[PDB]
Every structure is written in C-alpha cells, then in structure tokens.
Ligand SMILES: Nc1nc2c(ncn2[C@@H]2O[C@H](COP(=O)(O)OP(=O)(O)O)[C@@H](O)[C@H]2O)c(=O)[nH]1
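What follows is a single chain, given as structure tokens, in the form deposited without ligand GDP.
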C-alpha cells in the first residue's frame, strides 16, 4: 500500500488558487502542478490524463489539480474520468486519495462572494470585470460532502476568504493552513511545517512566476 493524492480546488476567479499551488510546489518540488489553463481544448492528453501520468512513478505522490471546479458537475467529471483512466497508469491496489481544497466557505452567500471577489481584483477596465465575472460566480456550487459527487472526497481543507484582507495576505495564510492540516492528517506527505522564512521565500517566488 502506496498512497497517491490529487489536490482538487473548489474556487472561482480571484481566490488565488494558482498562487497557493505555485507556493506549495516551490516548497515541495516533487509535487506536480498541472494547470488546466495551459492545456489545449484539442490536446490529446487532457488534465486527467496528465494527472495520472504524474502519479505513475514511486517518486510521484501528489498532483496539484489546478482548475476552479466551481460547479458540482466539474467535481463529478474529475471523479468519473480519473476512475475510468487510472487502470492505464496505476495498479488497482494503489490507494488514490482526493483532497478538496475549499477556497469558498460554505456559509458565504452569492452576494458577498461577489463583493469579496469583485473588490480583490480591482483593489483600467471594469466593463469586462463586473457582470462577466458574474457568469463565473453564478456557476459556483458550494462543496457538499453529504451527497454525490463531493462525498467521494477523502478529506476537505477549509481555507479562509475574508472581506477584510488583502488578497496576497490571505493567500499566504492559506498556504500555511494547508501545510498545517497536512501535517496533522497526512504525515507521510509533510512531517513538519517548513521554517516560516522558507514558506515566505517560496511565496514571494510564486508571486513572480509568470515568465
């Protein structure tokens, strides 16, 4: 029994998920960060193929599955497709664990989810940014692990999302939340939280990553 992991965000635009995943991958370079926005719609290998490819080796334990998955259908598509394809990549005794990274607290209404997301991204254009990122926010369906598809998650990490905070201060706190929760729950992945100076350095280097 080797155990493999897929980290699945539940998020919308402006939740900082790529910053968070980039920071974690900087801290743990053996993890693989697969970005949906970098895969062609006509690519032969899609994100679920690439995810399982990046779990084939004994060196390969974690995939950061970088996609919003705002609607329940998208989480169901992950579970269905990975289950259908895993035999092409893993033997079927391998324990594959899905970890939800929940960027949006389930208490949040449709309305300050909008007000938080709207204000984080503006702090020139706004025609594009108001009722067209409200196509994004309308399709959000909170995680609900009491029924399908979200009941297939093995674990849920609950992140912070505050009206109050700067969007970059919140992303750094979320990185820390994920690490500490993994320390408690999956010591095979992280035995102890890295030094804070290391986490800060890896976060600052992620804030420069779009080269």
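Numbering follows the first chain given and starts at 1. Rigid core: the largest C-alpha set superposing within 1.5 Å between the two forms.
Absent from the display: the form solved in complex with ligand GDP. The rest refers to it.
Overlaying ligand GDP from its position in the deposited complex puts 3 or more ligand atoms within 2.4 angstroms of backbone or C-beta atoms here, which marks the pocket as blocked.
Contact check at 4.5 Å (heavy atoms) against ligand GDP in the deposited complex: all three of 120, 164 and 207 pass.
Interface residue remark: residue 25 is not counted as part of the site for ligand GDP in the deposited complex, having no heavy atom within 4.5 Å. For residue 13, a non-hydrogen atom is located within 4.5 Å of ligand GDP in the deposited complex, even though that partner is not displayed. Not displayed here, ligand GDP is approached by residue 169 to within 4.5 Å at the level of heavy atoms in the deposited complex.
Only one segment in the set 170-178, 148-156, 52-60, 38-46 has any non-hydrogen atom within 4.5 angstroms of ligand GDP in the deposited complex, and it is 170-178.
Of all the residues from 16-38, those having a non-hydrogen atom no more than 4.5 Å from ligand GDP in the deposited complex are 16, 17, 18, 19.
Large C-alpha shift between the shown form and the other one, rigid core held fixed: of 104, 99, 82, 116, this applies to 116 alone, with a displacement of 2 Å or more. A displacement of less than 2 angstroms separates the C-alpha positions of residue 46 between the shown form and the other one, with the rigid core held in common. Comparing the forms between the shown form and the other one on their rigid core, the Cα displacement of residue 183 stays under 2 Å. Once both forms are overlaid on the rigid core, the distance between the two CA positions of residue 173 between the shown form and the other one is under 2 angstroms. Contraction of the residue 163-residue 198 CA spacing by 3 Å or more is recorded in the deposited complex, set against this form. Relative to the shown form, the Cα atoms of residue 164 and residue 170 move together by 3 Å or more in the deposited complex.
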